[PDB]
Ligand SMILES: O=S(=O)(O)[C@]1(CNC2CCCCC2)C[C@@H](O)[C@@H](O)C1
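We begin with a single chain expressed as C-alpha cells, specifically the form solved without the named molecule.
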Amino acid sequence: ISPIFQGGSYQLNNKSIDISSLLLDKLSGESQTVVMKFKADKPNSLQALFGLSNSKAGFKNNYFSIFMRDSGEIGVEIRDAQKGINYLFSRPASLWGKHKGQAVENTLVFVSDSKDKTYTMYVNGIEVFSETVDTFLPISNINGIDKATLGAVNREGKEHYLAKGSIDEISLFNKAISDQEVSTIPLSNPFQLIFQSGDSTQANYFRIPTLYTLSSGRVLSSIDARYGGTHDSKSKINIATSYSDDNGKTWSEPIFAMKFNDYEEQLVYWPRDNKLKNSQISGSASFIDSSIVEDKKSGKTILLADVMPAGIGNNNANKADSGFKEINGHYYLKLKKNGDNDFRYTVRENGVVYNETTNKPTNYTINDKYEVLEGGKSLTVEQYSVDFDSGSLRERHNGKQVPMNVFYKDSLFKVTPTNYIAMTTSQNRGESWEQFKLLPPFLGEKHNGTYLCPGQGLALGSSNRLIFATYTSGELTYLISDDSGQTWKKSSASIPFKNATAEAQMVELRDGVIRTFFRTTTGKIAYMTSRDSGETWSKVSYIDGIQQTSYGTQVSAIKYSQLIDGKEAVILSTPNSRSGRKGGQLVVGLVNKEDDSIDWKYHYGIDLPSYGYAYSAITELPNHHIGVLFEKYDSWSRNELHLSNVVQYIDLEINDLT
C-alpha cells in the first residue's frame, strides 16, 4: 500500500512540530504502521519522537507515543484512561547515535496489528520487541485524540518529552505490514551482523566476540552462541565461528567449533520480566569464552574455550578439583559411575575406562567425542528441550536419542563438576573443526581449571611460540606451546588481586617483547610486560586516561602494522566509563622506543558516551582497515539481559580514529 502520510526533514530542537492537519483525518481502521528515519546524536534523557494524543484537560493519560532514552532504549506507550489501558513496550540498547563522528540515520518500523492483536518494533532491521495482548488498543482509537506531534507528546496543552534530533523521513500506513514487507525497507546501518538470531546456530543470543586475521587474508570470528538467554554458564552455550574472505564485507553462515547435544538447539525468547528473567537452563553442559590463534608452522587454526559439565558454571564449579588424577607423572580424566558416591574411574590411553578400586580396565571406552562406548557400542541418552509453556522454565526429555557424553547429566559416567579448558583445531581455516580435546591441568590435582581470556591468543612473530592467556586467583597463567599446540606449559605471573576476572589480551610490541593488557577491580586497565617471549613477567602497571567500572570489562588490543605519526602503534578497545559498560572507544597509543612506554594519544568514540559497549574484538584487516566486533549493550546491567542482535561489526580506517 501507499502511505496515508509522508513527510521529511523535520528538525526537532526542543520544540514540537504539529502535523495534526496533515495526519489525523487520514488515519482509518484499527491497524497501522509507522516508518521513521531519524537521527539523535545528542538526545535528551527521555524524549518522544512521535505522538498521537488527546491534548485536552483531564485526559493527560490518553496518548500513543514512540519514545527513546539517552541509554539507546526505544519504546512505545499506548494509553487510554477510559479503557483502563496503559501499555508500555520497550527494549534497551536498540539505537545508534554516531558513527565516524556523523549522526546515524536509524530506521524504525512500528507495526500495530489489530487482527493478530500484536505490536512489533524494528530498529535498523532488527526486531526489538513483539508483544501480543488480550485487549488490543488501536493507536488511533484512543479516546479523544486531537493532536499528532513530532518531537513531543501534547498533554493538557503542554509539550512533554521534548526531543532533540531530526526526523528525516516519516510515513504512516493504514495497514499492519508483514515481516516480509518490513525486510524490504532500505536501511542506512553503520554496522553489520555476523551472527544473528535465526541463523544456523539457532541461538537467539550471542556474547563474547573474537576476531583474528589469518595469513590467507581470511578473517575469522568466534562467539558464544547462547541459548538460555544471555546468561553465563550454567546454561546451554555452544561456540560458533564465521569467516570473511572479503575484508569483512560478507560473512559465512556460522558453523560450530564446539558443541554439546544433551539439550536441543532452540531459539527461545527468554523472559525479560523481573520474576522470570533469572530463569536459567540448569541441566545442560556448555562451552564459554573462546579464543583463537593461527600457527605459522603447521598452518592450523587453534581455538580454545572453557568447558562446563551439565549444570555447572563459574558460580558452582568445584574450585578444589582439577577433575584429573595424577598417576606416575601423567594426568587422567576422572569419572563417576551411576550409583557410586566417589569417582572410582579414570580415562586412560586409547580412551579405556579404568577402575581405580580394582586397578583393571572395564568394557567401557571413551571415544574422540568424549562419548561412552560399551564393548565398542555407542550408548545414548535422551535429549532435553526447554519451554515456558507452564509459566516457568521447564527442562524435559524430548524423545530424541543422542550419543552419551561424559559431560552430560544423564550419562552413565560423569566428569568432575568443575571447569575445564578444551582446544580444537581447523586445517581449512574455519571451514570445519576437529573434535575438541581437554587440556591437562596446570596448577595441580586440586585446583580447578584456569579461565580462558576471550579474544586472541598470540603467535610470536620470530618463532613458532603460541601463547593463550588465562587467569585464576592471584595470577595470570599463560599457556605456552612451541609445537603447534600438541603440548602446553604454564607461565605464571602474579597479580595483586585475589579472585579477579583478569581477562587479558596480548600484543607483541617488538621481537620477544609482549605487553599484556588486563581488566582489574581498580577502575583502571592494567598491564605487564615480558621480554623473553613469555617466560618471565614484569610487575603490574596501570593506564591512566581510560576509566573502567569497579568490576571492569574485557579489553581487546592489537599492534597495528603501520606507523602512526612516525611511531609504532597499539590500539585498545574498551568501554571508557566509571559508571557502566558504555562509552565505547578505540584508544590509539604510540610506543616510546626508548622504554617501550605507550603514550595514549587518540581516543575514538565508537558511539555516544551513554550508549552500550561491553566485550569486544578488534583486528587489523588485510587492507589495513580495523574491524571491530562488539557487544553493543551494557552486558553487566540487569536491565539489559536477553537482548538479540546486539553483537555487531563495524569497519574503521585509521584516519577515522586520529
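In this text, residue numbers run from 1 along the sequence as written.
The same protein also exists as the form deposited with the named molecule bound; that form is not shown, yet it is the one meant from here on.
With the partner omitted from this view, the residue of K593, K42, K601, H624 that lies near the named molecule in the deposited complex is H624 [heavy atom within 4.5 Å]. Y212 is the sole member of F517, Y345, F110, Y212 with a non-hydrogen atom within 4.5 Å of the named molecule in the deposited complex.
The named molecule is not drawn, but in the deposited complex it has no heavy atom within 4.5 Å of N238.
Remark: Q456 counts among the residues lining the named molecule in the deposited complex, judged by a heavy atom distance of 4.5 Å or less. Contact between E620 and the named molecule in the deposited complex is found at the 4.5 Å heavy atom cutoff. In the deposited complex, at least one heavy atom of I558 sits within 4.5 Å of a heavy atom of the named molecule. Of the stretches 355-363, 121-129, 198-206, 212-220, only 212-220 has residues with a heavy atom within 4.5 Å of the named molecule in the deposited complex.
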